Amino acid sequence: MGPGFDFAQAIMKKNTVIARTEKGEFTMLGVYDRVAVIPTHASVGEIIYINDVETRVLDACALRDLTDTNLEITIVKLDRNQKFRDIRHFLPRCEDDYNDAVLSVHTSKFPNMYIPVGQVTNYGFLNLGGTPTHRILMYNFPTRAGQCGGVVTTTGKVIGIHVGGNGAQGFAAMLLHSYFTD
């Protein structure tokens, strides 16, 4: 509908796949080469389905901060025959607050879904499903089951992936440039 939705659509059309684990179907953001991200609660194993095709997992790393606190991001390298467009230059370098964000989801249940969530707070600490979690972003939208792994963007920046909600608020794990240096 406007330039926020334009940037979100550009990311969804080229840099997402549908990932399926034994814990469900997730929006999955491809970042560069064969490297993608997914919430850690997806419980990625040795094999994952990517757009309903059986795919070997070459590596999977559940990220934690240097205090050994959960960040809820798993970086996955996929045995896929095709690379993602490199979007690392759209990743923030530091923790921050944002205006006018969009949450975008693409699954069998929610295809081509875009939600204007408004202001995004650097919330920081969250007890997420009983697990102490750091680097959480918060938005005042009543997000639902099926949105996990959804991509949070502003114009020109990919800032996080949706990891949970409390019925009134939604929560995303930060994406930082420093996670994807090679």
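One-based numbering along the sequence shown.
Of the two stretches examined, 137-145 and 150-158, the record assigns the greater average C-alpha temperature factor to 137-145.
Remark: stretch with higher mean C-alpha B factor among 77-85 and 108-116 is 108-116. Of the candidates 57, 128, 63, 31, it is 128 whose Cα B-factor is highest according to the PDB record. Comparing the listed residues 174, 168, 12, 19, the entry records the largest Cα B-factor for 168. Split the chain's modelled residues into thirds by C-alpha temperature factor. Residue 124 is in the highest one.
When the modelled residues of the chain are ordered by their C-alpha B factor, residue 101 lands in the middle third.
When all modelled residues of the chain are sorted by CA temperature factor, residue 43 is found within the middle third. In the PDB entry, residue 67 places in the highest third of its chain by CA B-factor.
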